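Visitor: Provided below: target.txt, containing compact mmCIF, C-alpha atoms and all ligand atoms.
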# COMPACT_ATOMS: atom_id res chain seq x y z
CA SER A 1 17.01 8.32 13.79
CA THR A 2 15.89 7.90 10.20
CA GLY A 3 15.58 5.13 7.62
CA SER A 4 15.45 5.10 3.83
CA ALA A 5 14.69 2.08 1.63
CA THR A 6 14.05 1.58 -2.05
CA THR A 7 10.72 0.07 -3.07
CA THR A 8 10.46 -1.83 -6.36
CA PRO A 9 7.46 -2.88 -8.49
CA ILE A 10 6.87 -6.63 -8.48
CA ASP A 11 5.97 -6.76 -12.18
CA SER A 12 5.57 -4.70 -15.35
CA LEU A 13 2.14 -3.41 -14.27
CA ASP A 14 3.17 -2.00 -10.87
CA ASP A 15 0.68 -4.42 -9.28
CA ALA A 16 2.48 -3.99 -5.96
CA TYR A 17 5.79 -2.80 -4.56
CA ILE A 18 8.31 -4.70 -2.42
CA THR A 19 10.85 -3.28 0.00
CA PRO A 20 13.71 -5.23 1.60
CA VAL A 21 13.43 -5.65 5.38
CA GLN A 22 16.03 -7.15 7.73
CA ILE A 23 14.60 -9.46 10.39
CA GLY A 24 16.50 -11.21 13.15
CA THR A 25 20.12 -11.82 14.07
CA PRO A 26 21.97 -12.49 11.84
CA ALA A 27 19.72 -10.59 9.46
CA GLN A 28 17.26 -12.47 7.28
CA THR A 29 16.22 -10.17 4.44
CA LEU A 30 12.65 -10.53 3.20
CA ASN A 31 10.92 -8.41 0.58
CA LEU A 32 7.73 -7.06 2.11
CA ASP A 33 4.77 -5.16 0.72
CA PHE A 34 4.48 -1.94 2.74
CA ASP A 35 0.74 -1.49 3.27
CA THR A 36 -0.73 1.72 4.67
CA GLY A 37 -4.12 -0.03 4.63
CA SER A 38 -3.32 -2.65 7.29
CA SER A 39 -1.45 -2.94 10.57
CA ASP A 40 0.17 -6.41 10.72
CA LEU A 41 3.78 -7.23 9.89
CA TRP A 42 3.57 -10.84 8.73
CA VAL A 43 5.96 -13.08 6.88
CA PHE A 44 6.27 -16.37 5.10
CA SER A 45 8.17 -18.58 7.51
CA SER A 46 9.53 -21.99 8.39
CA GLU A 47 6.07 -22.55 9.93
CA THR A 48 4.11 -21.87 6.72
CA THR A 49 2.26 -24.90 5.35
CA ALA A 50 4.72 -26.28 2.80
CA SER A 51 2.20 -26.62 -0.03
CA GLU A 52 1.38 -22.92 0.36
CA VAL A 53 4.96 -21.74 -0.22
CA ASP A 54 6.07 -21.32 -3.83
CA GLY A 55 9.33 -19.43 -4.19
CA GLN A 56 9.04 -16.95 -1.32
CA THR A 57 11.94 -16.25 1.01
CA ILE A 58 11.03 -17.44 4.51
CA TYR A 59 11.81 -16.22 8.00
CA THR A 60 13.19 -18.96 10.23
CA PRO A 61 12.93 -17.78 13.84
CA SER A 62 14.99 -20.71 15.17
CA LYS A 63 17.97 -19.27 13.25
CA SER A 64 17.63 -15.83 14.88
CA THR A 65 19.33 -15.36 18.25
CA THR A 66 17.05 -12.40 19.02
CA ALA A 67 13.74 -14.14 18.17
CA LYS A 68 11.37 -14.95 21.03
CA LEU A 69 7.98 -16.63 20.78
CA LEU A 70 5.24 -14.28 21.97
CA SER A 71 3.53 -16.88 24.07
CA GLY A 72 -0.14 -17.48 23.36
CA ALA A 73 -0.40 -14.88 20.62
CA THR A 74 -2.11 -15.64 17.33
CA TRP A 75 -3.19 -13.54 14.37
CA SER A 76 -5.60 -13.84 11.47
CA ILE A 77 -6.31 -11.24 8.82
CA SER A 78 -8.50 -10.83 5.77
CA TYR A 79 -7.82 -8.14 3.19
CA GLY A 80 -10.11 -6.08 0.99
CA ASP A 81 -9.47 -8.34 -2.01
CA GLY A 82 -10.55 -11.45 -0.08
CA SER A 83 -7.05 -12.83 0.53
CA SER A 84 -6.03 -13.93 4.00
CA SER A 85 -3.30 -15.30 6.24
CA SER A 86 -2.87 -16.40 9.85
CA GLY A 87 -0.41 -17.84 12.33
CA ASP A 88 1.51 -17.19 15.54
CA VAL A 89 3.87 -14.42 16.67
CA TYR A 90 7.50 -13.79 17.50
CA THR A 91 9.25 -10.65 18.65
CA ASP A 92 12.52 -9.88 16.92
CA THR A 93 14.73 -7.05 15.68
CA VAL A 94 13.49 -5.50 12.44
CA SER A 95 15.36 -2.94 10.35
CA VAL A 96 14.17 -0.93 7.35
CA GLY A 97 16.67 1.13 5.42
CA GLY A 98 18.96 1.50 8.43
CA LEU A 99 16.21 2.18 11.00
CA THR A 100 16.07 -0.52 13.66
CA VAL A 101 13.24 -1.50 16.00
CA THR A 102 13.86 -4.05 18.73
CA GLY A 103 11.00 -6.16 20.06
CA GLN A 104 8.90 -5.81 16.90
CA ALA A 105 6.01 -8.26 16.58
CA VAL A 106 6.80 -10.44 13.56
CA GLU A 107 3.71 -12.45 12.69
CA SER A 108 4.70 -15.86 11.34
CA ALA A 109 2.28 -17.33 8.80
CA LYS A 110 1.09 -20.87 9.28
CA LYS A 111 -1.50 -20.48 6.51
CA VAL A 112 -1.78 -18.13 3.54
CA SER A 113 -4.41 -17.92 0.80
CA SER A 114 -3.78 -18.76 -2.83
CA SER A 115 -3.00 -15.27 -4.13
CA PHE A 116 -0.18 -15.05 -1.59
CA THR A 117 1.20 -18.49 -2.53
CA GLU A 118 1.02 -17.56 -6.21
CA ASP A 119 2.83 -14.22 -5.66
CA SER A 120 6.41 -15.53 -5.41
CA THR A 121 7.85 -12.00 -5.14
CA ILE A 122 6.01 -11.00 -1.94
CA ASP A 123 7.50 -12.49 1.24
CA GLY A 124 4.92 -10.82 3.51
CA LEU A 125 3.33 -7.48 4.40
CA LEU A 126 4.46 -4.61 6.62
CA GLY A 127 1.41 -2.75 7.86
CA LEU A 128 1.58 1.04 8.22
CA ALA A 129 -2.03 1.89 9.12
CA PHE A 130 -2.91 2.62 12.77
CA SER A 131 -2.14 -0.01 15.38
CA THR A 132 -5.80 -0.20 16.39
CA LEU A 133 -6.26 -2.44 13.31
CA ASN A 134 -3.58 -4.94 14.33
CA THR A 135 -5.07 -8.44 14.53
CA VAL A 136 -2.85 -10.07 17.16
CA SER A 137 -4.83 -11.67 19.98
CA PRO A 138 -5.10 -11.56 22.97
CA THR A 139 -2.63 -8.66 23.13
CA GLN A 140 -2.75 -6.29 20.17
CA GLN A 141 0.67 -5.31 18.80
CA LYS A 142 2.12 -2.10 17.43
CA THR A 143 3.22 -1.42 13.86
CA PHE A 144 6.85 -0.89 12.93
CA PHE A 145 6.14 2.84 12.54
CA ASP A 146 4.45 3.13 15.92
CA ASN A 147 7.37 1.35 17.57
CA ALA A 148 9.92 3.54 15.77
CA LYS A 149 8.13 6.84 16.19
CA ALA A 150 9.66 8.06 19.46
CA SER A 151 13.17 7.53 18.08
CA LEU A 152 12.53 9.24 14.74
CA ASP A 153 13.85 12.74 14.04
CA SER A 154 10.26 13.62 13.02
CA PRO A 155 7.22 11.34 13.51
CA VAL A 156 6.60 10.79 9.81
CA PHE A 157 7.14 8.43 6.93
CA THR A 158 6.88 9.18 3.23
CA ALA A 159 5.87 7.13 0.20
CA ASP A 160 7.39 7.99 -3.17
CA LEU A 161 6.23 5.22 -5.47
CA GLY A 162 7.56 5.03 -9.02
CA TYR A 163 5.72 4.53 -12.29
CA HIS A 164 7.25 1.42 -13.82
CA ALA A 165 10.35 2.26 -11.78
CA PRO A 166 11.70 2.01 -8.23
CA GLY A 167 10.84 4.54 -5.55
CA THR A 168 11.48 5.22 -1.89
CA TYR A 169 10.04 4.85 1.59
CA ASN A 170 11.64 7.23 4.11
CA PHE A 171 11.13 7.21 7.87
CA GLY A 172 11.75 10.17 10.14
CA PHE A 173 12.42 12.92 7.59
CA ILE A 174 10.98 14.67 4.54
CA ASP A 175 13.36 14.69 1.56
CA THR A 176 12.83 18.19 0.20
CA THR A 177 14.60 17.21 -3.05
CA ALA A 178 12.03 14.48 -3.84
CA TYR A 179 9.11 16.68 -4.87
CA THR A 180 8.28 19.86 -6.75
CA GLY A 181 6.45 22.88 -5.38
CA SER A 182 4.96 22.67 -1.90
CA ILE A 183 3.37 19.90 0.14
CA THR A 184 -0.34 20.42 0.85
CA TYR A 185 -1.48 18.88 4.11
CA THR A 186 -4.99 17.66 4.77
CA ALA A 187 -6.87 16.32 7.79
CA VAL A 188 -6.98 12.63 8.70
CA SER A 189 -9.62 10.66 10.56
CA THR A 190 -8.23 7.66 12.42
CA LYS A 191 -11.68 6.48 13.53
CA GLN A 192 -11.62 3.44 11.21
CA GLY A 193 -7.89 2.81 11.75
CA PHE A 194 -6.89 4.06 8.27
CA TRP A 195 -5.18 7.10 6.81
CA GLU A 196 -8.62 8.41 5.90
CA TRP A 197 -8.95 11.85 4.32
CA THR A 198 -11.29 13.87 2.09
CA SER A 199 -10.33 14.85 -1.43
CA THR A 200 -11.80 18.15 -2.63
CA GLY A 201 -12.79 16.92 -6.09
CA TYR A 202 -11.63 15.75 -9.48
CA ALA A 203 -11.19 16.47 -13.18
CA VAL A 204 -11.05 14.18 -16.20
CA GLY A 205 -8.39 15.03 -18.76
CA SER A 206 -8.45 18.72 -19.63
CA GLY A 207 -11.99 19.05 -18.28
CA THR A 208 -13.22 21.44 -15.62
CA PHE A 209 -12.58 20.58 -11.97
CA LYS A 210 -15.63 19.32 -10.07
CA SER A 211 -15.60 20.45 -6.45
CA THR A 212 -16.99 17.58 -4.41
CA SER A 213 -15.93 15.87 -1.17
CA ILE A 214 -14.60 12.34 -1.62
CA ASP A 215 -13.75 10.51 1.58
CA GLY A 216 -11.21 7.74 1.13
CA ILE A 217 -8.07 6.04 2.38
CA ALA A 218 -4.47 6.44 1.30
CA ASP A 219 -3.52 2.80 0.71
CA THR A 220 -0.12 1.80 -0.62
CA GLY A 221 -1.15 -1.87 -0.44
CA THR A 222 -3.97 -1.58 -3.01
CA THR A 223 -3.06 -1.40 -6.71
CA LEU A 224 -5.88 0.70 -8.13
CA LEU A 225 -7.89 3.86 -7.56
CA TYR A 226 -11.42 3.02 -6.34
CA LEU A 227 -13.87 5.94 -6.44
CA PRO A 228 -17.65 6.49 -6.47
CA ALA A 229 -19.51 5.12 -9.46
CA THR A 230 -20.49 8.62 -10.63
CA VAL A 231 -16.84 9.74 -10.81
CA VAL A 232 -15.67 6.52 -12.46
CA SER A 233 -18.44 6.66 -15.08
CA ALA A 234 -17.46 10.24 -15.91
CA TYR A 235 -13.85 9.15 -16.43
CA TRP A 236 -14.53 6.13 -18.67
CA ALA A 237 -17.13 8.01 -20.72
CA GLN A 238 -14.13 9.88 -22.18
CA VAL A 239 -12.58 6.68 -23.57
CA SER A 240 -14.11 5.32 -26.77
CA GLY A 241 -15.22 1.74 -26.36
CA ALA A 242 -14.72 1.60 -22.58
CA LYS A 243 -17.35 -0.33 -20.64
CA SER A 244 -17.95 -2.02 -17.33
CA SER A 245 -17.74 -5.78 -17.66
CA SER A 246 -19.36 -7.86 -14.94
CA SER A 247 -17.56 -10.91 -16.32
CA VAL A 248 -14.13 -9.31 -15.99
CA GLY A 249 -14.97 -7.43 -12.77
CA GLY A 250 -14.78 -3.78 -13.75
CA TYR A 251 -14.08 -1.28 -16.47
CA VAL A 252 -12.15 -2.42 -19.50
CA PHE A 253 -11.11 -0.39 -22.51
CA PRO A 254 -9.65 -0.99 -25.95
CA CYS A 255 -5.90 -1.49 -25.69
CA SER A 256 -5.59 0.85 -28.69
CA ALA A 257 -6.90 3.79 -26.63
CA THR A 258 -4.99 6.80 -25.41
CA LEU A 259 -6.24 7.38 -21.87
CA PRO A 260 -6.96 10.83 -20.43
CA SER A 261 -5.36 11.98 -17.22
CA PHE A 262 -7.27 12.12 -13.93
CA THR A 263 -6.83 14.93 -11.41
CA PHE A 264 -7.74 14.75 -7.73
CA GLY A 265 -7.90 17.61 -5.25
CA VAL A 266 -5.97 17.96 -2.02
CA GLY A 267 -7.29 21.12 -0.46
CA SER A 268 -6.74 23.82 -3.08
CA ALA A 269 -3.93 21.76 -4.65
CA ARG A 270 -4.23 19.29 -7.52
CA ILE A 271 -2.47 15.98 -8.22
CA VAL A 272 -2.51 14.85 -11.84
CA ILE A 273 -2.43 11.13 -12.64
CA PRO A 274 -1.18 10.74 -16.24
CA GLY A 275 -3.32 8.61 -18.51
CA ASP A 276 -0.62 5.98 -18.89
CA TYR A 277 -0.78 5.28 -15.13
CA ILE A 278 -4.38 4.09 -15.59
CA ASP A 279 -3.47 1.35 -18.11
CA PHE A 280 -3.21 -2.12 -16.52
CA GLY A 281 -2.81 -4.00 -19.77
CA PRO A 282 -4.58 -6.93 -21.39
CA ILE A 283 -7.16 -8.73 -19.25
CA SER A 284 -5.61 -12.01 -20.44
CA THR A 285 -2.50 -12.68 -22.49
CA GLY A 286 -2.98 -11.54 -26.09
CA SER A 287 -6.32 -9.82 -25.46
CA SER A 288 -7.08 -6.41 -26.97
CA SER A 289 -9.27 -5.60 -23.96
CA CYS A 290 -7.26 -3.77 -21.31
CA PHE A 291 -8.06 -3.38 -17.61
CA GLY A 292 -8.63 0.10 -16.20
CA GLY A 293 -6.76 1.56 -13.27
CA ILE A 294 -9.76 3.57 -12.02
CA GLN A 295 -12.62 1.38 -10.80
CA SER A 296 -15.82 1.78 -8.84
CA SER A 297 -15.77 1.55 -5.06
CA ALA A 298 -19.48 0.66 -4.99
CA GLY A 299 -19.79 -2.43 -2.83
CA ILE A 300 -16.36 -1.96 -1.22
CA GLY A 301 -17.85 0.49 1.26
CA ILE A 302 -14.97 2.95 1.13
CA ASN A 303 -13.05 4.87 -1.54
CA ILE A 304 -9.42 3.84 -1.93
CA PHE A 305 -6.57 6.02 -3.13
CA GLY A 306 -4.33 3.11 -4.05
CA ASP A 307 -1.05 3.02 -5.92
CA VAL A 308 -2.47 4.49 -9.16
CA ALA A 309 -3.14 7.71 -7.26
CA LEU A 310 -0.30 7.68 -4.75
CA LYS A 311 2.48 7.10 -7.28
CA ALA A 312 1.55 10.40 -8.96
CA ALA A 313 2.59 12.16 -5.73
CA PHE A 314 5.11 12.46 -2.96
CA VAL A 315 3.01 11.47 0.07
CA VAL A 316 3.69 12.34 3.70
CA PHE A 317 2.15 10.17 6.41
CA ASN A 318 2.40 12.48 9.40
CA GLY A 319 2.07 10.50 12.62
CA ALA A 320 2.14 13.45 15.00
CA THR A 321 -0.35 13.52 17.87
CA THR A 322 -2.98 14.72 15.40
CA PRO A 323 -2.10 12.83 12.22
CA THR A 324 -2.29 14.47 8.80
CA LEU A 325 -1.49 13.55 5.19
CA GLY A 326 0.59 15.63 2.82
CA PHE A 327 0.69 15.49 -0.98
CA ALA A 328 3.11 17.13 -3.39
CA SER A 329 3.61 16.82 -7.12
CA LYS A 330 6.94 15.36 -8.22
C1 LIG A 401 -8.40 -7.05 -11.58
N1 LIG A 401 -8.08 -7.94 -12.70
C2 LIG A 401 -8.64 -7.86 -13.96
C3 LIG A 401 -8.12 -8.85 -14.73
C4 LIG A 401 -7.19 -9.59 -13.93
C5 LIG A 401 -7.17 -9.01 -12.68
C6 LIG A 401 -6.36 -9.35 -11.51
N2 LIG A 401 -4.99 -8.77 -11.58
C7 LIG A 401 -4.12 -9.13 -10.43
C8 LIG A 401 -2.72 -8.56 -10.61
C9 LIG A 401 -1.80 -8.93 -9.48
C10 LIG A 401 -0.86 -9.92 -9.46
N3 LIG A 401 -0.21 -9.92 -8.26
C11 LIG A 401 -0.71 -8.92 -7.47
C12 LIG A 401 -0.36 -8.51 -6.19
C13 LIG A 401 -1.04 -7.44 -5.64
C14 LIG A 401 -2.04 -6.79 -6.34
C15 LIG A 401 -2.39 -7.20 -7.62
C16 LIG A 401 -1.73 -8.28 -8.20
Just give me the structure as structure tokens.
Ligand SMILES: Cn1cccc1CNCCc1c[nH]c2ccccc12
Guide:
Amino acid sequence: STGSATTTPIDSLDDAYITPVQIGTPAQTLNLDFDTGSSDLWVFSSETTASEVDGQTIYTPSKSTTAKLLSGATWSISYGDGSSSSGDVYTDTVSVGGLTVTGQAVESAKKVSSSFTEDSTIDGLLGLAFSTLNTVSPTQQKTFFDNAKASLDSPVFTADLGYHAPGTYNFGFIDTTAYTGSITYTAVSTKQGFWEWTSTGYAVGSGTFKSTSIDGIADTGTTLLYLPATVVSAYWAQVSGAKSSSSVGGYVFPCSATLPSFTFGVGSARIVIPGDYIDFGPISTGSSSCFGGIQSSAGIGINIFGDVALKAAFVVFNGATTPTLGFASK
């Protein structure tokens, strides 16, 4: 089997991407944020505290003839940005782009934090990291990908995120028309439960490539590119007037700037992030200070190749017995 679904930015900044997902019988379609940095499929639901729902589409398990309470199971998750959610668990039929999994754990939110409530466009998350990170207790549950894997033509999924435009998540096949040149594959460590890999270095604009190992995670559910302070300082030093603002929470730059590109290495290959991809617009409405798309990972504890980096590439998440990651230009 295979599946193919379009993923769409939630706003004009590409802050996140949502992908329609069919849950239950008859189908209830919710728009979920596919997140390769977590391993829970959770949704706004008829159980979510009413004051914490503001415009989201909800899953109502009592209206699904295939829903079954997973007795005794609860979940609770915190994300890198400090947001959180928790609740109980159903199993139900879940389909993505024509690919169907029966008996998928669908984690029903009873509580969500404020940045979920305030994000009316995101109806929940679909985790695509390794199932060892799944938070369901007392019996850990598998991700949609892990459940689907055995049925897939090939044990892979691909992320092709657009810049200010829709893109595609495919399951079970590599669309050879969706990228240019060749795909370069690189080793993955699953020891922390993430798609963790080591970039071979970077360049700023038309500058020389610096060969240096940068360990980080491929994370579709994080907006920005978080890298070591040394690398980030070297980037922003090429933008007149750019500075790190403790009050804003990172590097800002004059909105009048033209930003340089940023290149990262994948083995001997190179992925170029155009300068425009690094512009996240005014820090507040009407401000001439703009927020940067490359930020320091210092104090996160890990480097994160978030959407800013991933949307410059066609990315293969290879879930074979020994997982690997592939990157191609596009
Ligand atoms: C960092 N910063 C700087 C000024 C204002 C900010 C915060 N920008 C948050 C943008 C945002 C809205 N909905 C989201 C959903 C997922 C990820 C990000 C977002």
Visitor: Take CA of residue 91 (chain A) and CA of residue 20 (chain A) and report the distance between them in Å, one decimal.
Guide: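 So the two atoms, CA of residue 91 (chain A) and CA of residue 20 (chain A), lie 18.4 Å apart.
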Visitor: Hey, which bits of chain A sit within 10 Å of ligand LIG 401 (chain A), and for each residue what's the closest pair of atoms and how far apart in Å (one decimal), counting only C-alpha atoms and all ligand atoms, rows by chain and increasing number, as a Markdown table?
Guide:
| residue | atom | partner | partner_atom | distance |
| --- | --- | --- | --- | --- |
| A:9 | CA | A:LIG401 | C12 | 9.9 |
| A:10 | CA | A:LIG401 | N3 | 7.8 |
| A:11 | CA | A:LIG401 | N3 | 8.0 |
| A:13 | CA | A:LIG401 | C8 | 8.0 |
| A:14 | CA | A:LIG401 | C15 | 8.3 |
| A:15 | CA | A:LIG401 | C15 | 4.5 |
| A:16 | CA | A:LIG401 | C13 | 4.9 |
| A:17 | CA | A:LIG401 | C13 | 8.3 |
| A:33 | CA | A:LIG401 | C13 | 8.9 |
| A:81 | CA | A:LIG401 | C14 | 8.7 |
| A:115 | CA | A:LIG401 | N3 | 7.3 |
| A:116 | CA | A:LIG401 | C12 | 8.0 |
| A:118 | CA | A:LIG401 | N3 | 8.0 |
| A:119 | CA | A:LIG401 | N3 | 5.9 |
| A:120 | CA | A:LIG401 | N3 | 9.1 |
| A:121 | CA | A:LIG401 | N3 | 8.9 |
| A:122 | CA | A:LIG401 | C12 | 8.1 |
| A:221 | CA | A:LIG401 | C13 | 7.6 |
| A:222 | CA | A:LIG401 | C14 | 6.5 |
| A:223 | CA | A:LIG401 | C14 | 5.5 |
| A:224 | CA | A:LIG401 | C14 | 8.6 |
| A:247 | CA | A:LIG401 | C2 | 9.7 |
| A:248 | CA | A:LIG401 | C2 | 6.0 |
| A:249 | CA | A:LIG401 | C2 | 6.5 |
| A:250 | CA | A:LIG401 | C2 | 7.4 |
| A:251 | CA | A:LIG401 | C2 | 8.9 |
| A:252 | CA | A:LIG401 | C2 | 8.5 |
| A:280 | CA | A:LIG401 | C2 | 8.3 |
| A:281 | CA | A:LIG401 | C3 | 8.8 |
| A:282 | CA | A:LIG401 | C3 | 7.8 |
| A:283 | CA | A:LIG401 | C3 | 4.6 |
| A:284 | CA | A:LIG401 | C3 | 7.0 |
| A:289 | CA | A:LIG401 | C3 | 9.9 |
| A:290 | CA | A:LIG401 | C3 | 8.4 |
| A:291 | CA | A:LIG401 | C2 | 5.8 |
| A:292 | CA | A:LIG401 | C2 | 8.3 |
| A:293 | CA | A:LIG401 | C1 | 8.9 |
| A:295 | CA | A:LIG401 | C1 | 9.5 |
| A:307 | CA | A:LIG401 | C14 | 9.9 |
Visitor: Could you please determine the separation between CA of residue 28 (chain A) and CA of residue 51 (chain A) in Å, to one decimal place?
Guide: 21.9 Å
Visitor: Choose the residue, out of A:199, A:104, A:240, A:296, that has the smallest atom-to-atom separation from residue 265 (chain A); count only C-alpha atoms.
Guide: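 Once distances to residue 265 (chain A) are computed over only C-alpha atoms, the minimum belongs to A:199.
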Visitor: Please, what distance in Å, to one decimal, runs between CA of residue 135 (chain A) and CA of residue 90 (chain A)?
Guide: 14.0 Å
Visitor: May I have the residues within 9 Å of region 63-79 of chain A as a PyMOL selection string, using all atoms listed in the file and disregarding those fewer than 4 positions away in the same chain?
Guide: chain A and resi 23-28+38+40+59+83-93+102-103+105+107-109+134-140
Visitor: Let me make sure I understand: among A:113, A:6, A:256, A:261, which one has the smallest atom-to-atom distance to residue 205 (chain A) if we use all atoms listed in the file?
Guide: A:261
Visitor: So, with all atoms listed in the file as the atoms that count, which of A:155, A:80, A:37, A:260 lies closest to residue 324 (chain A)?
Guide: A:155
Visitor: Choose the residue, out of A:99, A:300, A:217, A:208, that has the smallest atom-to-atom separation from residue 157 (chain A); count all atoms listed in the file.
Guide: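 Residue with the minimum atom-to-atom distance to residue 157 (chain A): A:99.
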Visitor: Which of these, A:183, A:101, A:294, A:308, has the shortest distance to residue 329 (chain A) once you count all atoms listed in the file?
Guide: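 Counting all atoms listed in the file, the residue closest to residue 329 (chain A) is A:183.
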Visitor: Please, which residues are within 7 Å of (-12.0, 11.0, 2.5) by the file's coordinates, counting all atoms listed in the file, and could they come as a list in words?
Guide: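 The requested residues, written out, are residues 196, 197, 198, 199, 214, 215, 216 and 217 of chain A.
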Visitor: So which residues fall inside 12 Å of (-11.4, 7.9, 13.7) if we count all atoms listed in the file? Mind giving them as a PyMOL selection string?
Guide: chain A and resi 130+132-133+187-197+217+322-323
Visitor: Which one of A:114, A:106, A:153, A:235 sits closest to residue 82 (chain A) if you count only C-alpha atoms?
Guide: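 Distance minimum relative to residue 82 (chain A) lands on A:114.
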Visitor: Output, as lines of an AutoDock Vina configuration file, the centre and edge lengths in Å (one decimal) of the axis-aligned box that contains all listed atoms of region 220-234 of chain A with 4 Å of margin on each side.
Guide:
center_x = -10.3
center_y = 4.2
center_z = -8.2
size_x = 28.4
size_y = 20.1
size_z = 23.5
